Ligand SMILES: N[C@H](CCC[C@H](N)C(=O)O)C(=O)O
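Below, in structure tokens: the form solved without this ligand, a single chain.
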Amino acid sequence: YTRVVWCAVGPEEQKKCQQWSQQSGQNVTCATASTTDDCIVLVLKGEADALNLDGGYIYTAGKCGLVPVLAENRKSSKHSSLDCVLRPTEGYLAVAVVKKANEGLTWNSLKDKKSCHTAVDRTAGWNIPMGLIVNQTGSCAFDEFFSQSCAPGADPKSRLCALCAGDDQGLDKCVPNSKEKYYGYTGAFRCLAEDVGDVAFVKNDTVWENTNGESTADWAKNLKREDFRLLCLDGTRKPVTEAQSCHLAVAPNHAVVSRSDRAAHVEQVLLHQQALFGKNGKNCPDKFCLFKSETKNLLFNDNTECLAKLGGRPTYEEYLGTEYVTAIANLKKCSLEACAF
């Protein structure tokens, strides 16, 4: 066997990867980059093998020839008896979240408010909400819609980064990695929870995992679900229990990608790695758990039950679905058939 070189995005992922490398006995090793885009370039050069990507990034990687290998699979209810690895993925719900106390803020009065985004180019944090906003406003000036934002990956001197905080020292403001205080699902929800923004564009799971004591993190300790509302497209506000009827879209699960010529090798290694360090793995929680990182979703989402085989050997377009692909295509017209690298 050859080793698999995993690509870690930023210093916190690098630390988790190093631990996994040690525990795997160097069956997995680590390369590190500052952004997801740079990790994708590493994979293309053949300097790294794989990383787990949000749907929006799978689109970028796909244009450049990378293929989906295995998908994150979280808890379900349907397909009960079927093993996690073979169970179809269900997809997550992209939602827009506000404080209950911010009364009369609805989908239709979002203009000139403050926004919290997981990162530019990501499914729930960006592509879905901004795609809808462009369509509804007939304008590609989505950078003038919100008064101020935190959208990791945008220009640090623009309004889109105005609310981003950087790291401990206030360095790396708006970098699309976990060094940025408000990056990712948990970061964007924190941006709302601390009332830096009026709205966060996250997924349904984020609200549940960071309220009612599900998170012992300082800022999330006292957060109650009832203090939050979801914004529906029909102009209403619902309790966070109603996400099935009040979401902006269903997103395809985050998935491991690699170069096509390395796909089968990456697959084999990962299946074995999860038997050891996965949810009921030999060595988890005794030595190391691949799918834990204390609420920080490092390398993988913390709610990941397993990585699932795909079936139908999907291309990246099949994986993302024709609905989502055309949504992205239409939005990319603002800022068509190539590879950004």
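Numbers for residues come from their place in the sequence shown, where the first is 1. For the two forms, the rigid core is made up of the largest set of C-alpha atoms that agree within 1.5 Å on superposition. Residues that one form lacks are left out of the comparison.
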| property | result |
| --- | --- |
| Chain break class at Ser335/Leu336 - deposited residues not modelled | 4 to 9 |
| Residue stretch of maximal mean CA temperature factor, 309 to 317 vs 285 to 293 | 285 to 293 |
| Of 40 to 48 and 276 to 284, the stretch whose C-alpha atoms average the higher B-factor in the entry | 276 to 284 |
| From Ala119, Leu86, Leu171, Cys161, residue of greatest CA B-factor | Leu86 |
| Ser34, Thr60, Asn301, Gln26, ranked by C-alpha B-factor: the highest one | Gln26 |
| Chain-wide C-alpha B factor ranking for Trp219, given as lowest, middle or highest third | highest |
| B-factor third for the C-alpha atom of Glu144 within its chain | highest |
| Chain thirds of CA B-factor: placement of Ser115 | lowest |
| Lowest, middle or highest third - CA B-factor, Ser258 | lowest |
| Third of the chain, ranked by Cα B-factor, where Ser76 sits | highest |
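Another form exists, deposited with this ligand bound; not displayed. Remarks below refer to it.
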item: Clash verdict for this ligand in the deposited bound form, overlaid onto the shown chain (3 or more atoms within 2.4 angstroms of backbone or C-beta); value: open
item: Contact assignment for this ligand in the deposited bound form, among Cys174, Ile128, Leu231, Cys191, heavy atom within 4.5 Å; value: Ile128
item: Contact assignment for this ligand in the deposited bound form, among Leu223, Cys161, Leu248, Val98, heavy atom within 4.5 Å; value: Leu248
item: Touches this ligand in the deposited bound form: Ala327 (any heavy atom, 4.5 Å); value: yes
item: Segment assignment from 109 to 117, 162 to 170, 240 to 248, 192 to 200: heavy atom within 4.5 Å of this ligand in the deposited bound form; value: 240 to 248
item: Residue among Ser245, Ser77, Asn222, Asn108 whose Cα moves 2 Å or more between the shown form and the other one, once the rigid core is superposed; value: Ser77
item: Pairwise C-alpha change, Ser77 versus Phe189, in the deposited bound form against this form - closer or farther, 3 angstroms or more; value: closer
item: Direction of Cα pair change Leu230-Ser77 in the deposited bound form, magnitude 3 angstroms or more; value: closer
item: Mobile segments between the shown form and the other one [3+ consecutive residues, each C-alpha shifted 2 angstroms or more, core superposed]; value: 77 to 79
